[PDB]
Every structure is written in structure tokens, then in C-alpha cells.
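K.L.:
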Amino acid sequence: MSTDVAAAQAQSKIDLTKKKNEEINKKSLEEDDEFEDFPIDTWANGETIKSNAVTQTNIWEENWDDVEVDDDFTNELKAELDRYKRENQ
Amino acid sequence: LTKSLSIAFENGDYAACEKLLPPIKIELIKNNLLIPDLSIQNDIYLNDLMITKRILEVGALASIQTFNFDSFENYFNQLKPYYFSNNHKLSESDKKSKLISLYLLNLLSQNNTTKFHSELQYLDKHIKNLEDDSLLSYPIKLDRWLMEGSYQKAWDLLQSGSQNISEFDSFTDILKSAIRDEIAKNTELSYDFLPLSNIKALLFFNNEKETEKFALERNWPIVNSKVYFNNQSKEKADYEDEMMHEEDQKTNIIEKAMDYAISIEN
Amino acid sequence: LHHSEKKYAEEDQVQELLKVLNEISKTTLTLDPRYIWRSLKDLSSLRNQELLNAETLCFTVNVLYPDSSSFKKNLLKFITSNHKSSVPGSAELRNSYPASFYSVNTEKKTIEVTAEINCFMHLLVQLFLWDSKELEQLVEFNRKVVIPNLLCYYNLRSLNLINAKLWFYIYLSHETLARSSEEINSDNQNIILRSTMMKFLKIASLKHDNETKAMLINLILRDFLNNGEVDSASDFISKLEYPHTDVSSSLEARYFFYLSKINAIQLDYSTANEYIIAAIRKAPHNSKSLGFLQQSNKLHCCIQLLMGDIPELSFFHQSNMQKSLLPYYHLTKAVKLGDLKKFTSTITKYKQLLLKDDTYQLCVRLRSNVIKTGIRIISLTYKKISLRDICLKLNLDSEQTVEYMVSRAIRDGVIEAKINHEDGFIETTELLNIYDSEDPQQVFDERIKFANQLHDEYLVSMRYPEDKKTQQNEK
Amino acid sequence: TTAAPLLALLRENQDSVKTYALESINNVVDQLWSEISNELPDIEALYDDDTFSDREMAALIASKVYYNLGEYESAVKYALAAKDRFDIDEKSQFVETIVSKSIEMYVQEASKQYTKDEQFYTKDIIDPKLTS
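Chains as they are written, first to last, in the deposited numbering: chain Y, 1 to 89; chain T, 7 to 272; chain S, 18 to 492; chain N, 4 to 135.
#1: Over what stretch of residues does the alpha helix (DSSP H) that includes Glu67 of chain S continue unbroken?
#2: Is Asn75 of chain Y close to chain S, meaning its C-beta is less than 8 Å from at least one C-beta of that chain?
#3: What number of angstroms, rounded off, separates the C-alpha of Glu261 of chain T from the C-alpha of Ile270 of chain T?
#4: Do the region 74-86 of chain S and the region 287-306 of chain S touch if we need at least three Cβ pairs shorter than 8 Å?
#5: Is the Cβ-Cβ distance between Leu142 of chain T and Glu125 of chain T less than 8 Å?
#6: On the three-state DSSP scale, how would you describe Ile171 of chain T?
#7: CB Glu444 of chain S to CB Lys400 of chain S, shorter than 8 Å?
#8: Out of T:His132, T:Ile133, T:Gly167 and T:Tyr128, state which residue places its alpha-carbon closest to the alpha-carbon of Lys147 of chain T.
#9: In whole angstroms, what is the alpha-carbon distance linking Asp49 of chain T and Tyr82 of chain S?
#10: Is the shortest distance between the beta-carbon of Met232 of chain S and the beta-carbons of chain Y less than 8 Å?
#11: Measuring CA to CA, which of S:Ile208, S:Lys216 and S:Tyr272 is closest to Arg239 of chain S?
#12: Quick test of your reading: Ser277 of chain S and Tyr259 of chain S, contact by CB under 8 Å. State the CB separation rounded to the nearest angstrom.
#13: Counting only the same chain and skipping the five closest in sequence on each side, list residues whose C-beta sits under 8 Å from that of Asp49 of chain S.
#14: DSSP on residue 6 of chain S, reduced to helix/strand/coil?
#15: One question on the structure: do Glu24 of chain T and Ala68 of chain T come within less than 8 Å of each other, judged by their Cβ atoms?
#16: Can the beta-carbon of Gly325 of chain S be found less than 8 Å from the beta-carbon of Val423 of chain S?
#17: Is there contact between the region 181-200 of chain T and the region 231-245 of chain T, where contact requires at least three CB pairs shorter than 8 Å?
#18: From the DSSP secondary-structure annotation, give me the bridge partner or partners of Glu444 of chain S.
#19: Which of helix, strand or coil does DSSP assign to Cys136 of chain S?
#20: Rounded to the nearest angstrom, what separates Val121 of chain S and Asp84 of chain S at their Cα positions?
#21: Would the beta-carbon of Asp148 of chain S fall within 8 Å of that of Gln66 of chain S?
#22: For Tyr50 of chain N and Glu59 of chain N, I'd like the C-alpha separation in whole angstroms.
#23: My output table needs one value for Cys169 of chain S: the three-state DSSP class, helix, strand or coil.
#24: Listed from N- to C-terminal order along the chain, which residues in the region 53-68 of chain Y have their beta-carbon within a distance smaller than 7 Å of any beta-carbon of chain S?
#25: Please state whether the Cβ-Cβ distance between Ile201 of chain S and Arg160 of chain S is less than 8 Å.
#26: Is the beta carbon of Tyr171 of chain S sitting closer than 8 Å to the one on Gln116 of chain N?
#27: Can you pull out the residues from the region 386-404 of chain S whose beta carbon lies closer than 9 Å to at least one beta carbon of chain T?
#28: By how many angstroms is the C-alpha of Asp57 of chain N removed from the C-alpha of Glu93 of chain N?
#29: For a contact defined as C-beta to C-beta under 8 Å, what are the partners of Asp375 of chain S on chain N?
#30: Identify, in the order they occur along the chain, each residue of the same chain with its Cβ nearer than 6 Å to the Cβ of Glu38 of chain N, setting aside the five sequence neighbours on each side.
#31: Take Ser62 of chain S and list the residues in its own chain whose beta-carbon comes closer than 8 Å to its own, dropping the five residues that flank it on each side.
#32: Between the region 33-45 of chain N and chain T, which residues of the former have a C-beta closer than 9 Å to a C-beta of the latter?
#33: What number of angstroms, rounded off, separates the C-alpha of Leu200 of chain T from the C-alpha of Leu222 of chain T?
#34: Sorry if obvious, but does the Cβ on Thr45 of chain S come closer than 7 Å to a heavy atom of the ligand HEM?
#35: Should the region 150-161 of chain T be called in touch with the region 53-69 of chain T, which here means at least 3 C-beta pairs below 8 Å?
#36: Of the residues that make up the region 146-174 of chain T, which ones have a beta carbon closer than 7 Å to any beta carbon in chain S?
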């Protein structure tokens, strides 16, 4: 579990005996692991992580969607509605 | 001494309290010493602790109303350790909730929000959900309306903070004054031309002479009922240069190249 | 049987201890003893957790202790006493050594090099508590004994770097004990703790031992952050000169992380942003460091929204942290649209989670920022835009009201517009052609200096170990 | 704690509590050093006034704060302003910090002035409190 692309930070530091325990010490300092407490707290598996296709699981390159609206519905109405105003003028 | 102050305060005199307080500061050396400074608290030191809070509590309340903001704070700081520890034994108090509401207002009128948030963080661990927010809500709401800069909401809240006639009305006047200055800085960027009518609304004045009164003192050149804010921007920009730092503030063409060169030849 | 396991573990400790002991006798060394010590740090944890609990007791008894054995034994009697392996050959020998603290030499008292051994005993017991995961009184006992033992002698340079790690564990158990539950006894003990921290730092200043000081600085900053005395912390950060020398990459990571929190409360959103990206790059990627990284990533997202910068949507999806950062993901979207209605709902809905992380305080400040960010979109999308139209989009009430909001927001100069009151629209002054200005010069000037400083850092580091190979024998 | 109470006492104009204030400040001057440094010209104003017996105490506070600040030369100036309360830090396991820097400061003065003259014991370059 790493932030953004994992391999970019995996190469930055690998396993060393000096730092290994020190890694725990920082985590313990903040107090929790903070990825296992949120499910207990909410008291059910979220649906706000299934809020978009990418939010649950991303095996894609980010679209930049986070609003996800079908735009074919509104455009179809735009074309026809404009046409009527002109026809009834 | 302690009781002589007490009865000065209830009468309704705070000029009486203030005169008689330097005698009470002497005896406050003793009240701080009879408690061992909260290294241990018992039900013996609970009696002692009540004396130490009570003397400072009323002295602090009096200060606001005689417009001695300096003295008000001097007492509030002394309270801080009893509020800080031993919570669930006379450290949480009805007077504590009321007193934090006013303290927060004093800081905001200094016009440093930097201090405000820092105090605010401390109140989270203490009472802010335990005695909930209903008057501890007020100083936060006001801060929000100024940071976003909705000044209608801000002016409204202070207007309704003048129906808070006890000692809360004493920070409200300072905060109506401060707002006039705030919008007057803003309008430098926004405008270069306003009619007199448009100036009057924005600075929250109801009188025409009051608008022209501020304009002289703020150094707006309103000539023919029209301001020229671009003159005003020049002054403020010019002031930023005048302070001697001035060689490297302008930043010389020649100087960049010299810098680059020497680093390579270090 | 049981003794066999203790004996295997005992020998482990002794070789790492013996190695260092030789090194500091030639002249006190810092980084070379530190490398050994750091590996031993990990080891003590994996043996103590998995393998017995009187395994610590065997070593402590066997060496000549000043009182430390007595202190260890009390803890164990309470949870069911063990007195086995305190019998000769486990309380008579002081562990084979050549002469450094050898059994015969020590008993005869030609030597009593108990010094480093005493520091290591403190580390074992403190670790063993944290490994057990017990708080209240066990913590209080650990604090009382070890703090005055070390201060009734002026530590030598070498011993001093060990005791910074002791100061850490005492503080951590104490802090979490207060965060267990509100207690009238927990509260009074925090003043006790506060005093010792700053006193430790003053000793660390005297010897100019760099890693001792840096580690101690972190603990003071953490405690300030938890008590809400940022006022008291502003002063403290202004009088820093933080060493970047003998530190661990774990120390440096924590340090930059602490500045960012203080900075955010002082409405430094600019320096805060560099500092948190910096903290993550020293910090390892690991599942071992995860709770540290989480808090860093939450801190970073919020900092950007307070700028008006708006974090990437990418940041949330590609991380393996989507659930933890789930509120931050929704905050990023809320500010993006300019939606008051969404935003008010998001921070109430997630209030408690936000409140645990002590970032609930930061989030409320974003209420202004939805309004400012809303106006920056609006000036891009429309050059000239009526006052009324803006009110529709952001759910506002009057033309006069939105004029105040923009007036204030361009005093911060984010929108880069100017308001026409007399005509009813807001007209942007953005047209660039800033490649005709001297602006690129300044920007280029800064990049070069950063490059030059990277050379300097290449110089100090590169040639320093070269010298050492000429010094050591390998011909 | 906070250095905030300590400030209040300085801003209060009653003589009794200013005399008291210096004593509270020097007690926890190894906890609140950075905090009190900001409002320290107040303490120089009390030091100047001779309505106090705690001119020695007012001065001694400055010394400790300057060492923790990082300025050792000034810590010693205020060491010598304070007068005494410096022979008890030659046997403590905490603060010997301020004392040692004075010793270093002597060596600085001596080198400049020996070359001019052997006698620098009659010189006033060398402070008598520095010598002692």
C-alpha cells in the first residue's frame, strides 16, 4: 500500500534493518494504521467508494470524471428544443 | 479585601472594582501559593482552588466594561492552568463557558486570526461539544464571514450582537469600525470609479457626511464625487519599495549574471 | 528448556553490544555505533514479542545492574512471577567478554563498565512495554525510574544518543494514555511530562549532539499540536536551526511534517505545501510506515484546497488509501464545483472522522474557500458576467452581496479581475504576454540556485567516504 | 504550561506582583524560554528600575533565555549583570551551561591584551566579575 504509483516509491527505499523498526515508530506515533479503523467506524462497507467506476478500483488511466453525467440526454434535447423555437418563430 | 471587591462588582460599578484591585493583587500572590500549582489536587485544594479561580474570574469580567482590554487578558491568562487539567472536578464551570465566549472576541478584535485558530484548537479538547456551542458559536461564525468576505452576513451578526447587552456589546463597536477599513482596502483593487452613492453603501454608512469624513482620513481623493483609487494603489506600492532592502528587492539584471558566474567559479 | 530459548536470545544481544563497546573505547563515535544500534533496535522487538517475557529478565539479572533488575522484576511478578534462571550460571556470570566487561574482571572490580549495558537495559524494558501494548501504571513505573538515573551523571557523547530513543517511548505511552480516556489523574500528569521534555533538550544543546536534539524537537512539537498551544509553538519554530547531519531519514520526515501543521494554522499555505511533499520523499513507502503516511497525505490534500490549488482526482484513486482519504476525496469535489450545499453536508457527514485526525479544525476554514474558488471558475468561464448570473450559480441572494465577496477575494488576488459596479459586470484583466515582462528572469534565477545547491550537496556527500577508504587497511 | 500568566504580571502596575513575577519566571525558565523571549524588553525595564531588589533576578532570567536562544556572548553579559547566583551552578547536574561560556569568553579578551601589555590585571578591558 503506497500513495500514487507504488513502484516509484518502492525503488526510493527498499528493506533495511536500520530503518525497519523506525518505520513502525512513526506509524505508532500518529496512532493507528488508518486504513482498517475507517471500516469499523462507519459500521458497513461503503457505497461512496463505489461512487464512480475508478473510485472502487482503478485499472485505468484517470478520465478526470468525478461527476459522471450522460451528456447525450441533454444534447439531444438541446438540438430539438432550439429547432422548435425557430419553427414556431 | 476579597469580599470588598466582591460587593463592588455586584453593585454595578467596575470603576470601583478597578481602583480596589491593586490591593487585591497583593493578596493574589497568597492565593496562587496556597495551591501547590496543581501538582496534586485533593478536596482540601478544591476549596483553595475555588478561591483562586473566583478572585480572577470577577476581576476579569469587570475589565471589559471599563475598556481595559489589557487588564481583561491579564486575568484570563492566570485562569488557563485550572481550565487545562483536573477536568471532572471544578475545572469545568458555568462561568468558564461564558468567559471563553468573551475572550475569543477580544482576540478577534486585535485582527489577528492567527491567534484565534490556535486558541480555537484548545477549545476542541475542552468544552465545545460537552457544553455545546450556543454562544461559543458566535466568535467562530463571525470569523468565517470575514475570511470569505461576505460583509452583509458579518454586519448582520454584529447588529444582532448589539442585542447582547451585557459586556458583549463592548467588542461589537470595535468590530464595526474594523470592517470599514477592510472594505476600503478592497475597493482599491475592485474599482477606480465610484459615485458617492455607491461609496456610501459599501462602507456601511447611512450619512453622506460620514462617507466624506472617512474619505479625508483614509486619504481617498474624492473630487467631484468620484474617487480615483489608482492614485491610492500607487501610494501603497510606493510604501512597499521605500523601506531599505532595496537593491535586491528590485533585483538587478547585472546582479543575476554575477551570481550565476560565481557559483560556477566557487 | 525455557532457559535454552533465553540463552539463544541472550547471545544475540551481547555481540551487538560487544562490538559497539569496542568502538566507543577508542574515541566516542556517533554514526558508526548508530548503525549497529539501529539494527539491534529492530531485533529486540522481534525476539521479545514472539519469544518469552522473562527473556528480558535473564540478561538483566546476569549483568551487574545498579537497580535495573529490581525494576524489571516488579513488573513480571504482577502478571505471574518467574524466578527461574536467576540461579547460578544465570546470576553469577556477567557474560563472557575478553576484558571489556568479563565475568572474572567485573566481579573482582578492576572494572565496572556497566555504562552502555545500563542504557541497553532501559531500552529493553521500554520496548517490552510497547510490544505488550499495555498502558496505565506500567508506563508510570518506567518513567519514574529511568529519567533520574540518566541525569545523576553527565552522559558521555556516546551514551547520549541512546537516551533520545528512551525519551520517545516514555512520551508516546504517556500521550496515548491521556488519549485513552479523560481522567483527572491523566490530566495532572501531563504537566509533569511537559517539564521534562524541554529540560532534556537543553542538555542536548550543551553537547551539540545533532540527532539527540532533532528527536527531542519532534516530541515538543507533537505535544503542542495535541494541546492546542500553537501560539506557544510559533515562538518555538522561530528559534530552530534544525540539524540535517547525523539524523535518520525517519527524523527528517517527522520534522517537515510538524512544520506543515503549524504553518497551516498560521495561514502559511505556501511553505506548508513544499514542506509536506518534502516529508513524504524522505519517508519510506512501507505498510510499516502507513499511519504516518496517511496523516501526511490528509494534511497535504487540505493544504491545497486552502490555497485554492485543488488536489488532483488522480491522487485519491491510484493510492491504496482511498477509504482513509475518502472525506478528502469528497472535499476536493465540493470546492471544485463551488457548492456550499455539498460542502456543508460533507463535513457534517464525516465530522467525527475528521475530528479524530485533528483536521476537523482545518475543514471548517474551507467554507470561505468554496466561495473564493467559485469565483475563480466564473472569471475564467466568462469575461464579462452579470452580478445576477453569479447569484444563480452559487445560490446567492443579492448583487450587492456578491460584490463584497469578490472585493475581498481579489485583495488576496486569486481571481485577477476588477468589478464594474456602474455597469453590473466583472471584467478580468488576464491577457498574459508575460514573456514581454521581466518575470521569466526571476523564475529562471531561482531554478539555477536550486541546481547549484544540489551540486554542493553532491560535494559534501561524495568525497567524505572516499577519504575513509584510504584510512582503512585493505591493501 | 504557558508563559502567558507570566506576561500578565509584568503588564500589571502593582509593585508587589512585579517583584513576584521575576521569581515565577526564573523557576520554569527551562520550559518557557522561547515563549518569554518575545516580551523580554519588559524585564529590562524592570531591571533599570531601582524600586526592585530583584534587579539581580531580572538580569539572571535574561542569561538563561539567551543561551537557549543561541547567543552565548549576551548570556554572559547578563550573567555579570545579575551578580551572584552562579556559584551554585558549579555543582549542579542540570545548569552548568551559562557558567562555562564565561570561561571561554575570558580567553578571548586575554589574547588581545597580553600582546599590548603583560599587565592587563590593572586593565579595565577585563571585567572584575569576569576575572573572579
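Beta carbons are placed, not taken as given, at the ideal position from N, Cα and C, and that holds for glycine.
P.N.:
Well, looking at it:
#1: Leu48 to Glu67
#2: no
#3: 15 Å
#4: no
#5: no
#6: coil
#7: yes
#8: T:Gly167
#9: 42 Å
#10: no
#11: S:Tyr272
#12: At roughly 14 Å, the Cβ-Cβ gap does not stay under 8 Å, so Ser277 of chain S and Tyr259 of chain S are not in contact.
#13: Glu40
#14: Chain S is shown from 18 up to 492; residue 6 of chain S falls before or after that span and cannot be answered.
#15: yes
#16: no
#17: yes
#18: S:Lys401 and S:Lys435
#19: helix
#20: 21 Å
#21: yes
#22: 8 Å
#23: coil
#24: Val54, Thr55, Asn58, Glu62, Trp64 and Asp66
#25: no
#26: no
#27: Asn386, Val387, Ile388 and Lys389
#28: 22 Å
#29: The contacting residues do not exist; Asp375 of chain S stays about 20 Å from chain N at best.
#30: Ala6
#31: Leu144 and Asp148
#32: none
#33: 16 Å
#34: The ligand HEM is not part of the structure shown, which contains no ligands of any sort.
#35: no
#36: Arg150, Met153, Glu154, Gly155, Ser156, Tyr157 and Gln158
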